[PDB]
Amino acid sequence: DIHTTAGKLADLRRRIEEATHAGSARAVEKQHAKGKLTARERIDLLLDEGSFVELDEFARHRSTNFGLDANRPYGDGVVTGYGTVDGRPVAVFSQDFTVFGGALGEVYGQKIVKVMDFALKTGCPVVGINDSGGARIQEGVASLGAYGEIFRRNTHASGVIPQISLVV
Amino acid sequence: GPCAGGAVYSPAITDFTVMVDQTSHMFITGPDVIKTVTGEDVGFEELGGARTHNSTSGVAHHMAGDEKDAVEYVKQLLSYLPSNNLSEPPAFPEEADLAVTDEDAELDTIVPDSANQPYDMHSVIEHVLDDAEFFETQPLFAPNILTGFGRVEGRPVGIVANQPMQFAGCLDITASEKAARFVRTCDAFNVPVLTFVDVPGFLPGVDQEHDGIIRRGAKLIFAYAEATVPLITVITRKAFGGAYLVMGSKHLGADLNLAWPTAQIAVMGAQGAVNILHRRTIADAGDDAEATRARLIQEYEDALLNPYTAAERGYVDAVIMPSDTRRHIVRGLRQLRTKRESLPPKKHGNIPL
Amino acid sequence: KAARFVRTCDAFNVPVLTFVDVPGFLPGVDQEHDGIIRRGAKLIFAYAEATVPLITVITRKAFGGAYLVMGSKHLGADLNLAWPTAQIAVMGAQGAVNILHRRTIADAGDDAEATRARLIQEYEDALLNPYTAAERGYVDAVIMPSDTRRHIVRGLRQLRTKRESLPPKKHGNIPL
Amino acid sequence: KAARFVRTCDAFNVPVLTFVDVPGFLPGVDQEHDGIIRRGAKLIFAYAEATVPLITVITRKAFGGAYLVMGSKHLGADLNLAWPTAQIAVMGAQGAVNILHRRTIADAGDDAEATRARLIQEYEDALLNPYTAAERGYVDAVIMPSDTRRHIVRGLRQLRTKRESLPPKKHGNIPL
Ligand SMILES: O=C(O)CCCC[C@@H]1SC[C@@H]2NC(=O)N[C@@H]21
């Protein structure tokens, strides 16, 4: 049932459940109590119902600084992918405040490159949903280097494909 | 008919050659010559007859039973292609119904429990395409890899796949050349390429490494990395070592890289990993040597012979339930179809010959 | 000041040499009201835009967003150098250990500021250097400051035939 | 071997100098099985593709498809030279007179091989030279072999400013 094709389908239903609920069930309750929505609930209300195609849903960090490798949430504290708004293509990231306060790290930076580079490639808008405490301090300079590679591909895009930031 | 002498190097340049059993022959040098040169005695049919070009040489694409067929195959080939490399391949757009059929579901099974049991990749293809229609090229040549055309939403798409049934789906000089110059064709015409991945590696032997695998296996890597046109990959089962890279990996520029739960994506097979890792923990106490080693094998295969590492580090966009594949490839090649990507200025590349 | 100068010397094909010694952005409620956020962006946008050879040398302090600004490799600077006295970190030790110790400092206020001054020394000793940035190839080399004039020469010699462009556009949309 | 070398020196703008002495393709059932037809094409495809100055000199033997391969004028070679001892023909005399005599040889086997050896001499005397190719301007000149180093110099001097391109394409589709 694991060594068996069926078992390995019923594994990837388990890790889909764990991935979509990365953030703990007090952290989500705290977010609601602050009148905020959760990053997924944001993505739905943007994109045309059913379009979503989530990329790097099973991403995980690779930092073992300051015992940050005690937990490696799937997604690494951002929800990224592609779909349609009003039946027109558009690539989206939604930072997850539930996960590590939503602090940016290396992986959860390199996801918001992958989306960018997919927009630039295809020629489609990027709608960036923002909700983060700041830099993931555990990952030191790493989580600066991620910011930089975003801020290079915000400039490269600039005037080419519309970039809209939704600060929440 | 006959195509003899230098002539043959016209049809060679040309994208696709169609040849009709028992009544069409190609040869640079006639049997007469090669007798009184090389003392060898050979008929026309064997020398260069349809079958012999289709299966052996890797020169022809198709061998039709009769002319009428052959003409029909040629009209089929045109169907998939644009008139010239400034237009995109003729479409009859349909919008596909992406609720999970009972065809779809069948995918969720058709990878057997035993790694070794084979299963026809021709299915996994025909699952995804329009009307389950696959128009295969070069069937008789390098069966261990499958190339051809169909449609997704009424739009042409090119298909490259490893075919477990043959050689286990291992890549070999012949499959790497057959696939390489299919991809390049699809790319130059702007037709998209969909790649299905089962591959345990490259089929060992001394021959292979004399003939020049090194150069002639490279071909396929070059073709993928060169390609602009939409590239969607799906790993069903096995993806080891370089032969993972080769098969339309992300590292070469493939847009969207899916992997089924069954996928195994790892430097090398677990016995031939456990070896090199544990060669001083399997040396200690020759007593119960194997008992450990086939332990450390059965931990390797449970730890690393799965999609999930290559997921964590975004080498495969998504691990997906095999049912879902004809949704992903749909709503992938929607986005893609405005892919815009190019390779540095240059009169031509320098791909290995 | 620096944004418009970088642009100028990237429009008229003049190589830019940076030198880096920046603790961070000036803290004030004026700076924020008067749009730092838009008007500090300009510098990042100039760096990333520019396609004439960029060579950066961090002399001393390079923390957080300011490190990124100052002709960092992330924004497509060619050759990034650092002296031994470069400190390249998310943010000052004090601020760092306030967030990544907060607990074991709140523990036993008996010796709070104390254990926290120790922790500040530790974090400075561990990460207040160019040796993690080095490891990850954010700075090409760590150099002996005397060797800053050689690297700049040899680097520009190579760099002159740099070919680099930004995707087709009528113009960018930089912060105003 | 030769295809990939020609490409290399046509990608990096290096002129190619050919020398031609080729009876034809190796006859075997291996060569054909192992895809001569695709893998001999590569050379023709490299020649015709290449847009850096091409200068060819036929020293001796140049028959059939092999003549075409070897940097012939048909595949867009600039300046084609031939020495007096160049033989440029569809195919060896013997093979030629076997097909374009077949009758008057089958006549009277009394002196078959004989009249056929004579015919072989004739056809060699008539067409086994560079004088029909000359007539039709397939080879610019017939030269005295000593004058092969002058023509190559003077020819390259001119040829250097050669401008030539192939129709717009992402890439070709050469035989693999
Ligand atoms: O079926 C046959 O006739 C024999 C097989 C090969 C025939 C050779 S190919 C060149 C030559 N031209 C022809 O029309 N027949 C022979």
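Here is the naming used below: chain letters follow the sequence lines, and residue numbers restart at 1 for every chain. Order of listing sets the numbers, starting from 1, for every ligand and every atom in it.
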Can you confirm whether or not the ring centre of D:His101 sits under 6.0 Å from the ring centre of D:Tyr123? no
Between D:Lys73 and D:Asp78, does at least one N-O distance fall below 4.0 Å, as a salt bridge requires? no
Below 4.0 angstrom, N of the basic side chain to O of the carboxylate: do B:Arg151 and B:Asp130 qualify? no
Heavy atom of protein inside 4.0 Å of atom 12 (N) of ligand 1, strictly below: yes
Given the protein's heavy atoms, is any one of them under 4.0 Å from atom 8 (C) of ligand 1? yes
[atom] - nearest protein heavy atom and its distance:
| atom | value |
| --- | --- |
| atom 6 (C) of ligand 1 | B:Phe44 CB, 3.1 Å |
| atom 1 (O) of ligand 1 | B:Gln22 O, 4.2 Å |
| atom 15 (N) of ligand 1 | B:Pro2 CG, 4.6 Å |

Just checking D:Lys1: does its NZ atom have more than 12 heavy atoms from other residues, nucleotides or ligands closer to it than 6.0 angstrom? no
Please report the C-alpha distance between B:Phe149 and B:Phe182 in whole Å, then the side-chain angles of each, then the deciding distance to 0.1 Å, and finally whether the ring-ring contact (aromatic ring centres under 6.0 Å, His included) criterion is met. CA-CA 10 Å; B:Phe149 294 111; B:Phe182 188 70; 4.8 Å; yes
Which option wins on minimum heavy-atom distance to atom 5 (C) of ligand 1: B:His25, B:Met26, B:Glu46, B:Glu45? B:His25
Ligand 1 to B:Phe27, heavy atom cutoff 4.0 Å, flagged ligand atoms 9 (S), 10 (C)
Just by modelled atom types, is the B:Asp15 backbone N or O under 3.5 Å from a matching donor or acceptor in the B:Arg181 side chain? yes
